[PDB]
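Q: quick one, structure for this:
(4 chains)
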Amino acid sequence: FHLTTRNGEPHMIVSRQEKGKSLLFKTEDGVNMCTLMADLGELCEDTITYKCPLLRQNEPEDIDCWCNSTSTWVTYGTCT
Amino acid sequence: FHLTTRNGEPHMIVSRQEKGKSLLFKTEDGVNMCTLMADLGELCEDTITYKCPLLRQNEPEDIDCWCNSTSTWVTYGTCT
Amino acid sequence: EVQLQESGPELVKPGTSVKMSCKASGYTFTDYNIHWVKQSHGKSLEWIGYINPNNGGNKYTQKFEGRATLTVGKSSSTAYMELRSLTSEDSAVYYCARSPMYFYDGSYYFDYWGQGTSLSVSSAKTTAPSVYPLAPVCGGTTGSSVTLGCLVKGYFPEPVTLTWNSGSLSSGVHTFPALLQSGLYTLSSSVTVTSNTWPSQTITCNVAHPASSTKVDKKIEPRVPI
Amino acid sequence: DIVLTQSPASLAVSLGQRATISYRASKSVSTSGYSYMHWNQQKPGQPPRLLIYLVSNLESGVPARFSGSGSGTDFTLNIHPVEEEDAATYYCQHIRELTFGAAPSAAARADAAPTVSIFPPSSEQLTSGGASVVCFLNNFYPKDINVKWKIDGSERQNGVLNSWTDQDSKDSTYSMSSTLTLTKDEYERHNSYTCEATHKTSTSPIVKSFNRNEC
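A: Numbers count the residues shown, from 1 in each chain, chains lettered A, B, ... in the order given. Below you will find the coordinate block:
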């Protein structure tokens, strides 16, 4: 995935071949591990973009993306 | 994942902890690599079961599961 | 129940083809994968491929690519192996075989085997054997026992049935496996008896060759000088 | 490709003794923690029987004298007390492709010298223009034996055909026929014919010889 930013915050452009794998990227505050559980398809015009909240010792609820060290934005296409 | 069969064909019972990882299993015709891109959740009563087609040098379209050596059936729960 | 049920033995001519069947019962047929192992005379097992009856997909051994073709008739629960441009080397048993298990496994096990189908590839026409009595060296041998022989040369097809004294002399006999000699079979047999028994009593080699409907008797007679 | 290397080509072993039969893979037949190796009896006159699946899993109705173990490339079949029922080939088959190993034979005695007898061509064969000189080498043990033919002192290798009986079911010996075939014309141009048998039971070969024109 391509690591960029959105208003100072880290942003992940996730491609199709990353479905099912732990997303890791270094940050001043250590290594960040986001988990993507998404309709994740091929990167195209039909993108969706939203935030993966920070979750410390809390079970996830009503979400398919979350990181454990620093909240991150994520973007991926839905095409197939 | 648990490897079983469905009418002579290989069948994969995929659990939650395998989301995002390449699925490999040996077969007479060499090693088979299926790719799961699925709503993949926890194995429960709400299962869905369908086929992952064989795809030789063709880009995938309108699918979230496919193997590259031998067509395989897949099953997983959607619970969370 | 789980059975496999092959064709019968088959007696082809060089350059022709043969097409052996395999009939499964006692299992779903479309749930396993069906091997085809040769064994030649005095040779190891030698895999030919193992067709899937669900999708029809098949994977040959490199050395039998081109020369074999594996097929399945789902609605007869029958696999079929065709074998083309047949040569003397093709002469063998062939064996269809159930892969057990079902992981998507490389189990490669052969859990159930057919009876085997004997292919023989021959250009040699039916030929009755020449049968030669072998008496000891002229003047006889020393010792309390004596060995006589019978040489059976130039026949086709197998088998012959060799006996001594119409089967009444069965102990002390060694009948050797036949070998090919320019397309025709040859074998021999020895019999050993105590020296008080021969030549004072008669010993005769009998050779039956069913394919030529022949039965020949050769009495062993002491050699004499030139 | 995978190249299945079984090792001894034949073993001979006393009853109650322990056989061991090796297999060497070329390429590591191990997948996901399993190993896909397959040990297989075959009696002469019968199909192969499955003994041991997945390198170490004793098949249904196989006696616990059989045991399989190995990993990666290197696998072993073990037969702990051998019984006479064991006497068979044994092949080791991977289930990644379908390749078989060159099958070990497994035979169940005291050394025994062959009894050697030589037979000139029969008068009936000498009408034919071919001539066969036969040596029988009977009731010997072990199976390893070598026959050298000579004509008037000169070794002849072409035209020799050797045939062996299977190990005898009662006396555990072997027997062999060695047949030297030459033209009748060549046969009548020489006098001395010799078959020499090298076998561990004698420090020098057993020699049987005749002079064609003697009695």
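Q: and whatever residue of chain C ends up closest to chain B, how close does it get to residue B:50?
A: Chain C approaches chain B most closely through residue C:104 (2.6 Å), counting by Cβ to the nearest Cβ. Any C-beta I mention is one placed from the backbone N, CA and C, and that applies to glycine too. Per Cβ to Cβ, to the nearest Å, residue C:104 is found 15 Å from residue B:50.
Q: in terms of packing, which of these two has more residues around it?
A: residue C:104 (27 against 12; other Cβ atoms under 10 Å in any protein chain shown).
Q: quick one: residues contacting the residue of chain C at minimum distance from chain D.
A: Chain D sits closest to residue C:108 of chain C, with a gap of 1.6 Å, by Cβ to the nearest Cβ. Residue C:108 makes contacts with B:28, C:99, D:36, D:38, D:93-98, as judged by Cβ atoms under 8 Å, 6 or more residues apart in numbering or on different chains.
Q: and if we set it to 6 Å?
A: Residue C:108 is in contact with D:36, D:38, D:94-95, D:98, counting by Cβ atoms under 6 Å, 6 or more residues apart in numbering or on different chains.
Q: show me what the nearest residue to the residue of chain C closest to chain B once chain neighbours are set aside is bridged to.
A: Nearest-residue entry for residue C:104: residue B:10, 2.6 Å, with adjacent residues in sequence omitted and distances by Cβ to Cβ, 6 or more residues apart in numbering or on different chains. Assessed by DSSP bridges, residue B:10 has beta-bridge partners residue B:5.
Q: give me phi/psi at the residue lying farthest from the centre of chain D?
A: For chain D, the largest distance from the centre (Cα atoms, centre = their mean) belongs to residue D:32, which lies 38.6 Å off. When read as degrees, to the nearest 10, the backbone of residue D:32 gives phi 60, psi 10.
Q: ok, what's across the strand from it?
A: residue D:34.
Q: and it, how far from residue C:153?
A: In terms of Cβ to Cβ, residue D:32 sits 58 Å off from residue C:153.
Q: residues from chain A in reach of chain B?
A: A:19-21, A:80 (Cβ under 6 Å from any Cβ of the partner chain).
Q: relative to chain C, which of the residues you listed is nearest.
A: Using Cβ to the nearest Cβ, residue A:20 comes nearest to chain C of those, at 17.7 Å.
Q: what helix or strand is the nearest residue to the closest one once chain neighbours are set aside on?
A: In this structure, residue A:20 finds its nearest non-sequential neighbour in residue B:20, 2.4 Å apart by Cβ to Cβ, 6+ apart. Of the helices and strands defined by DSSP states H and E, none includes residue B:20.
Q: look up how far chain D lies from residue B:20.
A: Distance, residue B:20 to chain D, by Cβ to the nearest Cβ, to the nearest Å: 18 Å.
Q: that residue against residue A:21, yeah?
A: Yes - with contact defined as Cβ atoms under 6 Å, residue B:20 counts as touching residue A:21 (4.0 Å).
Q: which one of these two is surrounded by more residues?
A: residue B:20 (18 against 15).
Q: rewinding a little: would you agree the residue of chain C closest to chain D falls within a strand?
A: No - counting by DSSP: H, G, I helix; E, B strand; the rest coil, one finds residue C:108 to be coil, located in no strand.
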